[PDB]
J.: 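Quick one: this structure, given as structure tokens, is what I'll be asking you about.
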Amino acid sequence: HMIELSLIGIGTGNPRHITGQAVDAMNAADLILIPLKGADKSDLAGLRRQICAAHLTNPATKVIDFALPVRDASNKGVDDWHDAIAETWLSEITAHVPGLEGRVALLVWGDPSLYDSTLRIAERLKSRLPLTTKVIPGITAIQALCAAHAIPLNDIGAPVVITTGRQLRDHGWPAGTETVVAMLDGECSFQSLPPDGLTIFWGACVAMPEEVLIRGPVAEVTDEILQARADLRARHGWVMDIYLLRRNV
Amino acid sequence: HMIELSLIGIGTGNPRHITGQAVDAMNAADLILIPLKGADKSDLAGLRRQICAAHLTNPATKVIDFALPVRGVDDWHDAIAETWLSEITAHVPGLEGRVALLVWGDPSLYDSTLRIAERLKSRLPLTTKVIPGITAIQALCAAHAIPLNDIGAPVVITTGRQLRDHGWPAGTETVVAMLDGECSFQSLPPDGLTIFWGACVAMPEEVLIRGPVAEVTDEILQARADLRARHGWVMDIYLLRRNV
Ligand SMILES: Nc1ncnc2c1ncn2[C@@H]1O[C@H](CSCC[C@H](N)C(=O)O)[C@@H](O)[C@H]1O
Ligand SMILES: Nc1ncnc2c1ncn2[C@@H]1O[C@H](CSCC[C@H](N)C(=O)O)[C@@H](O)[C@H]1O
């Protein structure tokens, strides 16, 4: 017996981001596992279900909501948490495909390759299930941002650094590039850089109805971005943002 | 009273890469301009037409094949812009309508279309929109079932020439190289490097190879050369992971 586990990218919140390949993988599944709404409102558990429902035409596919484990904030904590998530998946798969021969899908925001834990958690399962893992690409927040601003990611023939807010705060401007895209940033970390010669293309809730886009010289639009971000957060209870920095010195 | 020009990403060769957003933009178009086959077989001009045919359902949308000018680079890009303008003038002479170009992968990533289209802003009453598509980076990682990044870590996306000119990019343990016609990972000391390589990713001809660079370099060279000999063209992409 063999479980085929598909990690299906579903894009950045625009329900039209889903690809035909993703639709096909949903329709081939015996079981689709989706997390229940929890504390993290940015998971948009309802939107995930909506996207699934808009395209699932296989009448036999089971769609099963499950409670995602909570990380122990009082803790290794991340490690135990990911272990617990794997255990939950393993229990769900075993309960619902007890013959252990079948196709199971998880729906992953954006693309599964990009700052997302699902693939590495799934690796834990390889030694406990007869398992093959497949990945279906989805639209990333990087591409959504560039499309919204109608800008290239790269300068002509030039490298690009993709990084995190914390990496920018710990190390400053990355070596060997004039373009940086920052993800996983909860604190507009570009504000800690020298603004000299930097242009920012910023977006919050990109490709969603709440989308806000701001562009300009970092020295001029930093406070505009801080305010827009805080406003969006106050009114919605959560915010996800991403930005591209272009250096011209 | 505007030409709305959509640059529609169409993915890496798999017709199923097309997003719903791309389908919608195709169906909203009055005109879709697609290049005829040329000397460069890697453009897969026929495949672009087929991917369009698989998704376009509006019977009033007109798919028009045009001769793409050939290449110095500035003049070539100017000539391409002039060709699109001539086609738009010819097929939408009232200059009010929706026009689309179908761009391999995502329009943001190592593709000249977006910057060439900028030339038309001053020539037409123009609004430009971009529809994202699956990139070759994502297709490669998906085919190998691997993460792009190490946990919480930076990633460098670069070209074959930048890799040759500067060596291992500073500040990263992960590099993805695009626009490389010659396996430029050979220009690096192989110690501690692992490669995840793919040619013709997400197409029927797909070849995937992974392993320590020293171990699989020649395997990759031969597989690449074999594809190129049998098909007349090849496109490859790879991710390098350093552990030192
Ligand atoms: N709709 C959206 N708008 C702005 N940023 C977004 C976003 N969705 C995701 N992000 C970015 O992605 C980070 C979550 S990590 C998950 C990334 C996802 N796998 C992808 O392919 O995009 C956020 O901190 C933010 O930087
Ligand atoms: N099917 C495929 N397999 C392997 N590499 C590919 C590919 N399609 C595109 N590429 C890569 O992309 C380069 C062309 S530049 C265009 C990139 C495209 N906009 C994108 O988003 O992917 C090639 O030199 C190669 O590095």
Side-chain angles (χ1 to χ4, degrees), chain A residues 7 9 11-12 14-24 54-55 78 111-117 119-120 122 132-140 142-154 156-164 166-167 171 174-177 180 183-184 207, chain B residues 7 9 11-12 14-24 54-55 73 106-112 114-115 117 128-135 137-149 151-159 161-163 166 169-172 175 178-179 202:
Chain A
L7 314 184
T12 78
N14 185 339
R16 301 302 287 152
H17 279 170
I18 193 157
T19 64
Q21 188 188 8
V23 172
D24 293 346
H55 302 98
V78 178
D111 188 275
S113 72
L114 183 62
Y115 298 118
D116 184 274
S117 63
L119 198 44
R120 287 196 169 93
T132 304
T133 307
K134 293 179 178 300
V135 175
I136 292 73
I139 300 304
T140 68
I142 303 171
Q143 298 157 74
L145 174 78
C146 291
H149 280 283
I151 59 174
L153 176 57
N154 58 287
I156 302 165
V160 176
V161 171
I162 296 161
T163 196
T164 69
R166 283 314 314 172
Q167 293 276 352
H171 305 290
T177 195
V180 172
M183 300 186 61
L184 293 177
Chain B
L7 314 182
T12 80
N14 186 340
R16 306 303 292 153
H17 279 172
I18 291 287
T19 67
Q21 187 188 7
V23 175
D24 295 342
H55 295 281
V73 52
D106 188 276
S108 72
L109 183 60
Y110 296 121
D111 184 277
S112 65
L114 189 45
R115 284 187 175 107
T128 302
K129 306 279 184 63
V130 177
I131 292 76
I134 300 302
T135 67
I137 302 169
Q138 298 159 254
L140 171 78
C141 292
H144 280 284
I146 58 172
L148 177 58
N149 59 287
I151 295 161
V155 177
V156 168
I157 295 161
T158 198
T159 70
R161 180 58 185 266
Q162 293 273 356
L163 191 62
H166 308 284
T172 194
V175 178
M178 300 183 68
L179 293 178

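Chain identifiers are assigned alphabetically (A, B, ...) following the order of the sequence lines, protein sequences preceding nucleic acid strands; residue numbering begins at 1 within each chain.
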J.: When you look at CZ of A:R166, are more than 12 heavy atoms from neighbouring residues, nucleotides or ligands closer to it than 6.0 Å?
T.: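 Above 12, so yes.
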J.: Heavy-atom distances under 4.5 Å only: say whether A:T164 touches chain B with side chain, backbone, both or neither.
T.: side chain
J.: Calculate, to the nearest 0.5 Å, the distance between atoms CD1 and CG belonging to A:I142 and B:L148 respectively.
T.: 7.5 Å
J.: Which one wins on heavy-atom pair count under 4.5 Å against chain B: A:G157, A:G176, A:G11?
T.: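 That would be A:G157.
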J.: Please rank A:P112, A:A22, A:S113 by heavy-atom pairs under 4.5 Å with chain B and give me the top one.
T.: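 Option with the top pair count is A:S113.
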J.: Quick one: pull up CD1 in A:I18 and CD1 in B:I18 and give me the separation to the nearest 0.5 Å.
T.: 14.5 Å
J.: Could you check B:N149 against A:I162 for side chain to side chain contact (heavy atoms under 4.5 Å, CB included), going step by step and ending with a plain yes or no?
T.: CA-CA 9 Å; B:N149 59 287; A:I162 296 161; over 6 Å; no
J.: Counting heavy-atom pairs closer than 4.5 Å to chain B, which one of A:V161, A:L119, A:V180 comes out on top?
T.: A:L119
J.: If you compare all heavy atoms of B:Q138 against all heavy atoms of A:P137, which two are closest, and at what distance to 0.1 Å?
T.: CB-CB, 4.1 Å
J.: Sort out for me which of A:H149, A:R120, A:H171, A:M183 touches chain B most, counting heavy-atom pairs under 4.5 Å.
T.: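 Of the candidates given, the most pairs with chain B belong to A:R120.
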J.: Quick one: what part of A:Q167 sits under 4.5 Å from any heavy atom of chain B, side chain, backbone, both or neither?
T.: side chain
J.: Answer with side chain, backbone, both or neither: which region of B:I151 has an atom nearer than 4.5 Å to a non-hydrogen atom of chain A?
T.: both
J.: For the CD1 atom of A:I139 and the NE2 atom of B:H17, what is their distance to the nearest 0.5 Å?
T.: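 Reported to 0.5 Å precision, the distance equals 9.5 Å.
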J.: I'd like to know if the side chain of B:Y110 reaches the main chain of A:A158, judged simply by a donor and an acceptor atom lying under 3.5 Å from each other, with no hydrogens or angles considered.
T.: yes
J.: Checking B:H55 now: which residues fulfil ring-ring contact (aromatic ring centres under 6.0 Å, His included) with it, not counting sequence neighbours?
T.: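 With neighbours one apart ignored, the set is empty.
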J.: To the nearest 0.5 Å, what is the distance between CG on B:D24 and CZ on A:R16?
T.: 4.0 Å
J.: Drop me the distance from A:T19's OG1 to B:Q21's CD, to the nearest 0.5 angstrom.
T.: 12.5 Å
J.: Flag the one option from A:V23, A:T163, A:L184 with the top tally of heavy-atom pairs under 4.5 Å to chain B.
T.: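 Of the options given, most contacts go to A:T163.
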